[PDB]
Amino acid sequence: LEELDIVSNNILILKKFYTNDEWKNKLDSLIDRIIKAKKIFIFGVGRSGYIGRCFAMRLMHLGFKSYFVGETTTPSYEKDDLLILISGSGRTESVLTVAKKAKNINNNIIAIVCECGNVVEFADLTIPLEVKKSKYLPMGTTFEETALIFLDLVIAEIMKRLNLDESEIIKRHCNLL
């Protein structure tokens, strides 16, 4: 069970955000920017985008004005807003297009990447999730898994700091489907 061992050890890399000062600062900065922002925008392509949507939905559940770029009712990016980009290689052209346009409005851009590609040049804060890849866990597979877990841990930390319960989520959760 080589693949399960790789995934298990990849999740352990997230311990740095609680024990090491340089990584704790990245987590603290991400949370501080989320609380101070007027509106929060999330973007990613493919599987990185689906993981991005999971986080966007959860931020909305907590009461933030959260949006995913590309969707129906997503408005204009303004000066007091925040953009969070999720990309494996950090080289995806569609992610760079969104980064360039946001850069003309403000500097509040965060990049969650595996490899430090071109997108980091446009980011104010870069959060690298350097995970182990495998033959049977190709492309950004392990990054997408670890990024989802990291983003759920950010939600966990936001709930702790603002004293939010599960009741806040039920109140704002979709009830039509």
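Residue positions are given as counts along the sequence shown, with the first one as 1.
Higher mean CA temperature factor between 5 to 13 and 160 to 168: 160 to 168, per the PDB entry.
Just going by the entry, 114 to 122 versus 45 to 53 on mean CA temperature factor gives the higher value to 114 to 122. Of the residues listed, 105, 96, 82, 85, the entry assigns the biggest Cα temperature factor to 105. The deposited CA B-factor of residue 141 belongs to the lowest third of values across its chain. Compared with the other modelled residues of the chain, the Cα B-factor recorded for residue 148 ranks in the lowest third. Residue 35 sits in the highest third of its chain by CA B factor, as recorded in the PDB entry.
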